[PDB]
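Enquirer: Take a look at this one; I'll ask things after.
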Amino acid sequence: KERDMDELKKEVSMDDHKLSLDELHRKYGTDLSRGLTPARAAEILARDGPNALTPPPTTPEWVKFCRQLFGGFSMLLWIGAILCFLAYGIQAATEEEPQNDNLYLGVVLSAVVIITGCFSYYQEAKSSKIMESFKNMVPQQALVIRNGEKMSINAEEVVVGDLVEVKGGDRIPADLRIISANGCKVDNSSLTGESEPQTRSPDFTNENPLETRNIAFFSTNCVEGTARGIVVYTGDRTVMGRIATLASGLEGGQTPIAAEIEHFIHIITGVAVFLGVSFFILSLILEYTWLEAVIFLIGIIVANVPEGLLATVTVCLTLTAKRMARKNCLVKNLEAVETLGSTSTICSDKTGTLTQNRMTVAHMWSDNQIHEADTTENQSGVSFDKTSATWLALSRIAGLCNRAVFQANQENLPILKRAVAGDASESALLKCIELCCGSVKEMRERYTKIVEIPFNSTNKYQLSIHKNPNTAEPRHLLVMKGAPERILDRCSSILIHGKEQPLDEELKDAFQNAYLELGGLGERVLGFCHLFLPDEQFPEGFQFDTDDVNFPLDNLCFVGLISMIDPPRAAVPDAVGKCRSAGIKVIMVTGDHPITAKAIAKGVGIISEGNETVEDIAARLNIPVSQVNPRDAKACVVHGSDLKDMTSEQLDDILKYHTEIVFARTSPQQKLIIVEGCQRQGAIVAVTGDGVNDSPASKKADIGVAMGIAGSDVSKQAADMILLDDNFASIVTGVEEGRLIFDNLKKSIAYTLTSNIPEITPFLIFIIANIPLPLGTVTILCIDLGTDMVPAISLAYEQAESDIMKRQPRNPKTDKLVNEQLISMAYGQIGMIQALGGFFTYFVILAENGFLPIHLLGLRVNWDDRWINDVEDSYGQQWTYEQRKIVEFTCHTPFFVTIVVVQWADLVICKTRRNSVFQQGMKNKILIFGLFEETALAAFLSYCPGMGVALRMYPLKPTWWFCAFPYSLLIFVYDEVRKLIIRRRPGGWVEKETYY
Amino acid sequence: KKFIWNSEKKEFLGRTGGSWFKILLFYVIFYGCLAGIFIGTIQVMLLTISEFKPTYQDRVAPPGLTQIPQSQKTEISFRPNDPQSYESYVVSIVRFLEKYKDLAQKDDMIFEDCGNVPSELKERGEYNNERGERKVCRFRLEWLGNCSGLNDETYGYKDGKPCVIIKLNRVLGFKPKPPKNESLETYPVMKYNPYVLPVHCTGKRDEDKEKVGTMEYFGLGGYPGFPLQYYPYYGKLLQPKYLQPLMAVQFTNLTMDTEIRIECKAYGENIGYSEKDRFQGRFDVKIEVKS
Amino acid sequence: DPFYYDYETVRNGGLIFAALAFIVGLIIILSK
Ligand SMILES: *[C@@H]1O[C@H](CO)[C@@H](O[C@@H]2O[C@H](CO)[C@@H](O)[C@H](O)[C@H]2NC(C)=O)[C@H](O)[C@H]1NC(C)=O
Ligand SMILES: *[C@@H]1O[C@H](CO)[C@@H](O[C@@H]2O[C@H](CO)[C@@H](O)[C@H](O)[C@H]2NC(C)=O)[C@H](O)[C@H]1NC(C)=O
Ligand SMILES: CC(C)CCC[C@@H](C)[C@H]1CC[C@H]2[C@@H]3CC=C4C[C@@H](O)CC[C@]4(C)[C@H]3CC[C@]12C
Ligand SMILES: CC(C)CCC[C@@H](C)[C@H]1CC[C@H]2[C@@H]3CC=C4C[C@@H](O)CC[C@]4(C)[C@H]3CC[C@]12C
Ligand SMILES: CC(C)CCC[C@@H](C)[C@H]1CC[C@H]2[C@@H]3CC=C4C[C@@H](O)CC[C@]4(C)[C@H]3CC[C@]12C
Ligand SMILES: C[C@]12CC[C@H](O)C[C@H]1CC[C@@H]1[C@@H]2CC[C@]2(C)[C@@](O)(c3ccoc3)CC[C@]12O
Ligand SMILES: *[C@@H]1O[C@H](CO)[C@@H](O)[C@H](O)[C@H]1NC(C)=O
Ligand SMILES: [Mg+2]
Ligand SMILES: [Mg+2]
Ligand code: NA
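Chains as they are written, first to last, in the deposited numbering: chain A, 21 to 1016; chain B, 13 to 303; chain G, 17 to 48.
Next comes the structure, spelled out in C-alpha cells:
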C-alpha cells in the first residue's frame, strides 16, 4: 500500500497558517507568551517522536557486496559457470576417464565474477567512505519558551505547539507559525529556492504556505532580526521532511550504460545459442550421440561468452571514474561516470547551482554612467575605474552608512567567502568596499559616528552623521541611503567628478532610465547620497540628539545607485555554452521569482540574446499576449502558478515547440514532474541541484549532480554524482569523459570480441572435419584472462579521434554501444583472419612433424584414444599416445602465440575507429606496454621450466613465431585501407557497414 | 520491437533486399579471397617439406613398444572355454598377421629374403629418389614359433597360456643399437647381443613376478628381439608394404583367475623410456585368464 | 642423431627475450 503513501507525498503540501491567534492557540492548546508546561512538552515528545528526520535506510555491507556479485554481465558469467558444471555432470557420470576441463573452467568463471565483485565493491565502498567523511552534522540547540521561561534545548527535544524564539543567525528548528516578528528575515534558499532573504511577517499574506510570511521552515536560517512562532510541523511531518522522505522513496531507473551492456549481452548470447543449437543439430546429423552432442551444445555456447570482458569493462569505467575523482568530481556509482556523455537535456537549479546564492554588488551609478563591478567568486573579472573622487564619495557612503561588520575568525579567509554580520545587502557592500576600496576597518573609525538613524518600516531610509578627519575642512559629513524613490524625494544636489550641480531633469531623467535599466535586469538597486553640514550652524560641539530635525532631509547631494544580486558562478556561463555547443538542451528549473530567473537565464546562456518570449513579443508590439502566436516565440518562461493546472500533453508540447525553457516558481514536486516530462520524450536527463527541493528531481533523473559544499545533504545523498569543488564546469568535463569512455568501450569490446572467432573455430572444425584439437582450453584462458588483458585495458586510454564536444549527443534508440557493424567486423572479418592464421600454424607444426594436413582428416577418432600407441602418420611412423599428445599440446601453445601475433595488429587497428594509425599515432604508452607485456608473457608461458608439466604448454621451435606474421600484417593493411575509404568516402558503404 | 521482420518499405530479418544482396556479395568475395590466401600460404608450407623425410623427428626419439591385442585398457581377460570371450583378441591378431602370410609376400621385385639368422643393418643408399623403390626384407610367420601355426583362416591360438607378440614402433631412419656386451644386469638373455634388439618381459612387483611362472619368447631363429637386418625404415613412399620385425611372448605358467601385471621392457642404447609414457621403450599388460 | 633437438637453447633464449621485452615495456611506461 506504499503506492498511496508515495502519491500523498507527490502532492504539494497544505497548511492551516491562515488562522487568528485565538483560533491557532485554541487548536494547539498553547499559551502565546508562555508556551506550555514542560510535562505537556515531554508527553508530546514521547508521543509522536523527537524533532528530527528519520535516519536514511541503512544499507548493510553484505547486501551491496552480494549486489556487486550479480547484475547483468556477472549474471551471464554465472549462467556460464552453471552450464560448465552441468556439462561436467553429463561428462563425469556417463563416460570413462572424464576430462576435468569443464570443471576447471567452471570454477575459473566463478572466480572471475567474485574477483570483479570484490574490486567494484571496493571502489563503490571507497566512494561511500570518503562521502561519510563529509557528514559534519553539528548538533544545534533551539530557543523555546515553555512555562514562561526561556530554555535552550536540543532540536530533537522540541515538540509541536510550543512557542519558539529565533535570533538573527539561529537556524529555524521545526516548521513554525510566526506570531510576532521584529525585522525578521529568513533564508528560504535551501527549501523553496527564493534567492533574496525573504522576510517573515506574522500576518497572513499568500494562500501558498511557501510564499507566505507567517511560516518559518525546517533547515532555513534566520538571517537577521528576531521572531516568535508556534511549532506546527515537527520531524518527518515537516515540509523539507516530506520532501526528503520522497527523495528516499523514488526509483533510480536504469543507467544508459547498463542498458547498453544488456543489449550487448543480447547479441552475444543470441549468436552463442544460434551457433550452439545449429552445431548441436549438425553434430547429431553426423554421428555423435545425444550424450556428446549436449556437451558440444554447451561447449560452443559457453565458449562464446567473453570471460575477461567483465574485468576489462569494470576497470575501464573505474579508470574514467578515477579521472573524475582527480578533478573533485566524485561518483558514488561506478557506471554513473558515463551517463553525462549520453545526456541530451540538463535540468539545472538557479539558486545555489547556477548562481552563487549570495547577494553581491552588481552595478554602480557614478557621474550618470553605469559601472559593472566584478561579480566572480574567485575575482577574475574586469575591474571598474576606481580613481575618480565620485567613487571615493560613494564608497565612503557605502562603507560608513551600513550596519555590517566582520566577525571573530574572519581574518585568513578570503574577502568574499568570509562571514559578515547583518543584512545580505550590507554584507555585499562591505565585501565590495573591503575588496576594491582598501579596507573598511580603518575607513569606518576614521569617521566617528555621532548619531545614526537605522532603516524604517515605512519610508525606509538609513542615515547617520559622522565627523570629518580631512585636513582641509572641519564640516560634518552626513550620509544616507535607501530606495531610489526615497532618495530622489529627499535630494536636490547632484555630485559629478567632485563638484555639485542642481537637480536638472536632463541628468535626473538620465538617472531614472538607469534605475529602470538595473531594476529590469532583475537586480535590487539602492540610492546613496551625502551632504556636508555647515559647521557654522552645526558646530563641533552641537550634539545632534536623535529626536528632531537636526539634518536637512532635502538639499542632499546624490552620488549614485548601487545594485546587487546573486551572480552566477565563475565558469557557469562558459560551461552552459559548451553544453549547448555539444547539443544538450539546457532547461532552468527553479522555484525563484521569474523577474530574476529570466535575467539569470539570459546571463548564463539558457535564454539566448535576441530570442523573445510570448510576453516579450506581446510587449514589443504593444498588443495583448493572447494575439501573438507561441510559434513565433523560441523561448518561454513557465510560471509554477500555471504549471499546477497542466496536463501531460501540454507539458510535452511546451518542451517540443520551445527550445529555451525556464521553469520558475516550481515546487520540488513540480521539479519532479518536469524531469518526468523530459523523460517522456525518450531523452537522457541530468539534473544539477543543491537545495532540498532538488532532492526528488535528482533522485528520479537519469543522473543527479549535487554541489559538494553549497548543496543540502538530502539531495546530495539522492544524487548519483557529487561536485566537491562546486565547479559547474565539471559538468562539461563529465559529458566529455562520458562520450570518450563510451567510444573507448566500443573499441575495447570489439577487441575482446574479435578473439572469439579463433577461440571457437578450432573446436568447431574439431567436430566437423574430425581432426585433432587445434586449440585447448587452458591456452584459450591464457588469451582471454592472460595476454589480451593489458591490451584491452590500454584501449581505455585512447584519446579523441575528432572533437567529441562538437558532435550532438548520442541517440539512445540508434547509436548503441555494440551495433551490428561491430559484430560484422570482430566476429565477421578480423576474427576470421585470426582463425585462419591459427589453423595455418596448426597445419605447419603437424606437417613438419610428419602429419600432413590432408592426413589429419578423420584422425581424431584414433588420435584422442589413450591406448592406440601406434597411430600411423603420413611417413609411416608409429606415434604413441603421449608422443602425439605432446605434439597436440605443443600445437596448442603456438596457436595461442598466433593469437597474440594477430592481436598485435587487431589492437593497433581497434585503437583507431576512423583515423589512420598514422593520423592518431602510437602514443598510448599503456598500449605499447600492452604489446611488450603480452608478447613477453606469451613467450614465458611457452619457455618457462615446467610449463608442459603444469599448463601443458610446451616450448615452440622459433619458426612457429613467424607462422602468424603475414596474417597479422594482412589484418593491419585491410583495416587500414578500410579506415582510409571511410575517410575519403564518408557517404555510405564502408561507413554504414563496418564503421562501428 | 522484435517484429522488424518486414514492412511495406522493404525489410527482411532486419534489412532490405538490395542490402541483403550487397552484404552477401561482399562476404562471398571477402571470404573467397581469405580462402585463396590460406590455400596459397598452405601451398608454400607444402613446398617447404619433402616427400622422403619429416623435417622434425625429435618428438619420436624413444620408440614405443606395442602389442597385437590392442586391448581397451591393455588388459587380456577372457575364458579358456568360451570361444566368444576371446574373439576380440584373435580377430585383431589374424587381421594384424594377415599381411605376413607366405602368399602376401610373393613378389620378388619388392621382397628380399634377409636370412634365417639375424645379421647387421641393411642400408639401401640415401633417402632420395635417385634409386628406385627399395626392397623390403621378408618375415614369415614361422619365425614366431608356437604362436603362428599352420591353422586355417582362423589362427587357432592359445586358450590357456596365451600369446602376445610385441612390435617396435616403425621410425624413419632409426637404426636400433642393442646394449654393449657390458650388459648392466639385463635379465638372462642369449649371447646374440650384437645383431638383435633385446626385449625382456617381467612382472611389476613382488606379487606379479611370483604369479607369472614361466615365459617363452619366440623370434627370428629363436632370439627374443628384433633383427637389425630389417632396419632402418625408409618411409611409406619409398618402402610400401614394409614388414617390421615381430617377436612373440607366451606366458605358460600363469595363475588362472588372477589379474597379474606384466612389463615388457625393450633394452638398448637408442631405446629411451619415460615415466609419463608407459609405452616409450617399455610396455605394460594386465593378463587374467579367468576360467 | 636427427632425433635430438636442443630444446634448452631455444628455451633459454625465449626466456631471455621474455625478460628483455618485459623490462623494456616497464621502461616504456616510465617516461621519467
Ligand atoms: C610348442 O608346443 C608344442 C606342443 O604342441 C611343444 O611340444 C612339446 O614339447 C615338450 C618339451 O618341452 C615335449 O615334452 C612334448 O612331448 C611336446 N609335445 C608335443 C605335442 O609336441 C613345444 O615344446 C612348444 N615349443 C616351444 C618352443 O615351447
Ligand atoms: C607351474 O606352476 C605351478 C603352480 O601353479 C607349480 O606347481 C606347484 O608347486 C608347488 C610347490 O612349489 C606346489 O605346492 C603346488 O601344489 C604345485 N601346483 C601344481 C598345479 O603342480 C609348477 O612347479 C610350475 N611349473 C613350472 C615348469 O614352472
Ligand atoms: C563451420 C562452418 C561451415 C560455418 C559457416 C559459417 C559462415 C558461413 C557464417 C558465420 C558468420 C556469418 C556472417 C555473420 C555476420 C554477417 C553480418 C549480417 O548482418 C549478415 C550475415 C553475415 C554476412 C554472415 C554470413 C555467413 C557467415 C560468414
Ligand atoms: C612486427 C614486429 C615489429 C614486432 C616485433 C616482435 C617480433 C619481431 C618478435 C616478438 C616475439 C619474438 C620471438 C620471441 C621468442 C623466440 C624464441 C627464441 O629462443 C628465439 C627468438 C624467437 C623466435 C623471437 C623472434 C622475434 C619475435 C617474433
Ligand atoms: C603479398 C605478399 C606480401 C604476401 C607474401 C606472403 C608471405 C608474407 C608468406 C607466404 C608463405 C609464408 C611462409 C610459409 C612457410 C613458412 C615455413 C613455416 O614452417 C613457418 C612460416 C613460414 C616462414 C611463412 C612466413 C610468411 C610467408 C613467406
Ligand atoms: C573436454 C572436451 C570434450 C569434447 C572433446 O573430447 C574435446 C575436449 C577438449 C576441448 C574441450 C571439450 C569440452 C568443451 C570445452 C571446455 C569448450 O566448451 C570450451 C569452453 C571454453 O573454451 C572452450 C569447447 C572445447 C573444450 O575446451
Ligand atoms: C661378449 O662376452 C662373452 C663372454 O663374456 C663372449 O662369449 C661374447 O662373444 C662377447 N660378445 C661380443 C659381441 O663381444
Ligand atoms: Mg574468450
Ligand atoms: Mg538551490
Ligand atoms: Na539515481
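For each residue, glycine too, the CB sits at the ideal point set by N, CA and C.
#1: Take every Cβ of the segment 85 to 100 of chain A, pair it with every Cβ of the segment 231 to 251 of chain A, and state whether three or more of those distances are shorter than 8 Å.
#2: Flag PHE33 of chain G as yes if its beta-carbon sits less than 8 Å from any beta-carbon of chain B, otherwise no.
#3: Please report the Cβ distance between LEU961 of chain A and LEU971 of chain A, rounded to the nearest whole angstrom; I am assuming they are in contact, meaning their Cβ atoms lie under 8 Å.
#4: Tell me where the beta strand (DSSP E) around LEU876 of chain A begins and ends.
#5: Specify the secondary structure class of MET121 of chain B as computed by DSSP and reduced to three states.
#6: Answer yes or no: the CB of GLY328 of chain A versus the heavy atoms of ligand 3, is any distance below 7 Å?
#7: Does the distance between the C-beta of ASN776 of chain A and the nearest non-hydrogen atom of ligand 8 fall short of 7 Å?
#8: Looking only at its own chain, which residues have a Cβ that is under 8 Å from the Cβ of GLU110 of chain B, when we skip the five neighbours before and after it?
#9: Hey, would you say the C-beta of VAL624 of chain A is under 7 Å away from at least one heavy atom of ligand 6?
#10: For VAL32 of chain A and chain B, any beta-carbon pair shorter than 8 Å?
#11: Indicate whether at least one CB of chain A lies closer than 8 Å to the CB of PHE38 of chain G.
#12: Could you list which residues in chain A have their beta carbon closer than 7 Å to that of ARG71 of chain B, in chain order?
#13: Under the DSSP definition of a beta bridge, which residues are partnered with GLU99 of chain B?
#14: Is the separation between the beta-carbon of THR772 of chain A and that of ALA812 of chain A shorter than 8 Å?
#15: With C-beta atoms as the reference, is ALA590 of chain A less than 8 Å away from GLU397 of chain A?
#16: Cβ of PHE985 of chain A within 7 Å of any heavy atom in ligand 5?
#17: Which chain G residues are close to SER601 of chain A, counting only those with a beta carbon under 8 Å from its beta carbon?
#18: Between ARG273 of chain B and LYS216 of chain B, is the Cβ-Cβ spacing less than 8 Å?
#19: Got a list of residues with beta-carbon closer than 5 Å to any non-hydrogen atom of ligand 9, in chain order?
#20: So, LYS30 of chain A versus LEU692 of chain A, is the Cβ gap smaller than 8 Å?
#21: Give the DSSP-derived three-state secondary structure of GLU680 of chain A in the structure shown.
#22: Determine, using beta carbons only, whether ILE288 of chain A comes closer than 8 Å to chain B.
#23: Name, going along the chain, the residues of the segment 834 to 866 of chain A whose beta-carbon falls closer than 9 Å to a beta-carbon of chain B.
#24: Spatial neighbours of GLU629 of chain A within its chain, please: CB distance less than 8 Å, with the 5 preceding and 5 following residues excluded, ordered by chain position.
#25: Cα-Cα, which of A:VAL907, A:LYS836 and A:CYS911 is closest to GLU280 of chain A?
#26: Would you kindly work out how many angstroms separate the C-alpha atoms of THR633 of chain A and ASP42 of chain A, rounded to a whole number?
#27: Please name the residue in A:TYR253, A:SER94 and A:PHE786 whose C-alpha comes closest to that of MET34 of chain A.
#28: Between the segment 100 to 107 of chain A and the segment 121 to 130 of chain A, do three or more beta carbon pairs fall short of 8 Å?
#29: I want to verify the contact list: residues of chain A whose CB lies under 7 Å from the CB of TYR23 of chain G, in sequence order.
#30: Entirely within the segment 61 to 115 of chain A and at least 4 residues each: give me those alpha helix (DSSP H) ranges in chain order.
#31: What residues does ligand 2 have around it, judged by CB closer than 5 Å to any heavy atom, in chain order?
#32: What are the partner residues of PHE571 of chain A, as DSSP defines its beta bridges?
#33: Going by alpha carbons, who is nearest to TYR245 of chain B out of B:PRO236, B:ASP125, B:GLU135 and B:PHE42?
#34: Please tell me whether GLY26 of chain B has its Cβ less than 8 Å away from any Cβ of chain G.
#35: Here's a check: name, in chain order, each residue in its chain whose Cβ is nearer than 7 Å to the Cβ of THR232 of chain A, leaving out the five neighbours to either side.
#36: Could you confirm whether any beta carbon from chain G is found closer than 8 Å to the beta carbon of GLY185 of chain B?
Expert: Per the coordinate set shown:
#1: Two segments are said to touch when three or more pairs of C-beta atoms, one from each, lie closer than 8 Å; by this definition the segment 85 to 100 of chain A does not touch the segment 231 to 251 of chain A.
#2: Put simply, the CB of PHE33 of chain G is far from chain B, with every gap to its CB atoms at 8 Å or more.
#3: Confirmed, about 7 Å.
#4: Careful: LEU876 of chain A lies outside any beta strand (DSSP E) and carries neither H nor E.
#5: Of the three classes helix, strand and coil, the one that applies to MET121 of chain B here is coil, per DSSP.
#6: Answer for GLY328 of chain A: no, Cβ out of range of ligand 3.
#7: Relative to ligand 8, the beta carbon of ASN776 of chain A is positioned inside 7 Å of a heavy atom.
#8: Residues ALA116 of the same chain have their beta carbon placed closer than 8 Å to that of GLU110 of chain B, with the five preceding and five following residues left out of the count.
#9: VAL624 of chain A: no, Cβ never under 7 Å from ligand 6.
#10: Chain B contact via Cβ: absent.
#11: Yes, because at least one Cβ of chain A sits closer than 8 Å to the Cβ of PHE38 of chain G.
#12: Within 7 Å Cβ-Cβ: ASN869, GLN903, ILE906 and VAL907.
#13: As computed with DSSP, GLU99 of chain B is found in no beta bridge at all.
#14: At a Cβ-Cβ threshold of 8 Å, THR772 of chain A and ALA812 of chain A count as neighbours.
#15: It is a contact, given that the beta carbons lie within the stated cut-off.
#16: Answer for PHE985 of chain A: yes, Cβ within range of ligand 5.
#17: Ordered by position in chain G, no residue passes the 8 Å Cβ test against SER601 of chain A, which lies about 34 Å from the chain.
#18: Yes.
#19: Residues flagged by the Cβ proximity filter: A:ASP369, A:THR371, A:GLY372, A:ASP710 and A:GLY711.
#20: Between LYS30 of chain A and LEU692 of chain A, the C-beta spacing is below 8 Å.
#21: In the structure shown, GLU680 of chain A sits in a strand (DSSP, three-state: E or B).
#22: No, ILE288 of chain A does not count as interfacial toward chain B.
#23: Those residues of the segment 834 to 866 of chain A that come within reach of chain B (Cβ to Cβ, closer than 9 Å) are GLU840, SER844, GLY848, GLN849, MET852, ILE853, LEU856, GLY857, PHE859, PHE860, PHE863, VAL864 and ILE865.
#24: Hits under 8 Å: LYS622.
#25: Measuring from the Cα of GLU280 of chain A, the nearest candidate turns out to be A:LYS836.
#26: C-alpha separation (whole angstroms): 47 Å.
#27: With distances taken between Cα atoms, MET34 of chain A lies closest to A:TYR253.
#28: Result yes; three or more Cβ-Cβ pairs closer than 8 Å.
#29: Counting only Cβ-Cβ distances below 7 Å, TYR23 of chain G has contacts in chain A at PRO975, in chain order.
#30: You should have 81 to 88 and 93 to 112.
#31: The filter returns B:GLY225, B:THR226 and B:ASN265, in chain order.
#32: When DSSP reads this structure, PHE571 of chain A sits in no beta bridge, so it has no partner.
#33: It is B:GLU135 whose Cα lies nearest to the Cα of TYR245 of chain B.
#34: Chain G contact via Cβ: absent.
#35: Contacts found: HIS37, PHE224, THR225 and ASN226.
#36: At a cut-off of 8 Å between C-beta atoms, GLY185 of chain B counts as an interface residue with respect to chain G.
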